[PDB]
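The chain that follows stands alone, in the form deposited in one PDB entry, written as structure tokens.
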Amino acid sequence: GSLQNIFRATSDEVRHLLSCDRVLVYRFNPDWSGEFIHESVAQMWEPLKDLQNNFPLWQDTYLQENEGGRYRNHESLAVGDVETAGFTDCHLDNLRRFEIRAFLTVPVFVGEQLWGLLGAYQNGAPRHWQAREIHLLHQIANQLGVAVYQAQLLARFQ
């Protein structure tokens, strides 16, 4: 619950600061598949989280094959319009499925590890992401990873 509070605080903060439509926290599994573990979403949009607090699966073969991809280097990806990005069909279909028109996705490092990703999404319109927003999100994610690691340090020692 203490972790969910941290995810909720960060995700709502992002959504508030960037005035995006949806924020997602995605956590990598050991095999580099991953799970959504938090969503902040404006009420006008169908939420990804169902009433059991389950999420849908995004089975991203590319992240998994590349063991986190660019995010291993602490890089982000900002895409203003998914429909003009030249993506592979299976990837675009998931973007469409999750009502992602434009996204800014940054890595979450927990100590030395690429623990997950933090995504900010625009749902109804493309969005030209500014350099400052990319830099800000990256900082928010670093802060989130520190919060996560701090919580782990306290939760499991004494």
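If you superpose the two forms and keep the largest set of C-alpha atoms that fall within 1.5 Å, you have the rigid core. The first residue of the shown sequence is 1; numbering continues from there.
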Please compare 137-145 with 5-13 and say which has the higher mean C-alpha temperature factor in the record.
5-13
Quick one: higher average CA temperature factor, 56-64 or 23-31?
56-64
Among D93, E46, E112, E39, single out the one with the highest C-alpha B factor in the record, please.
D93
Divide the modelled residues of the chain into thirds by Cα B-factor and specify which third, lowest, middle or highest, holds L51.
highest
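Separately, the form deposited in another entry exists; it is not shown, and the next lines address it.
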Core superposition between this form and the one not shown, C-alpha change of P56 at least 2 Å
yes
With a difference of at least 3 Å, the CA distance of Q52 and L48 in the other entry shows the atoms closer
Relative Cα spacing, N53 and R15, in the other entry - shift of 3 Å or more
farther
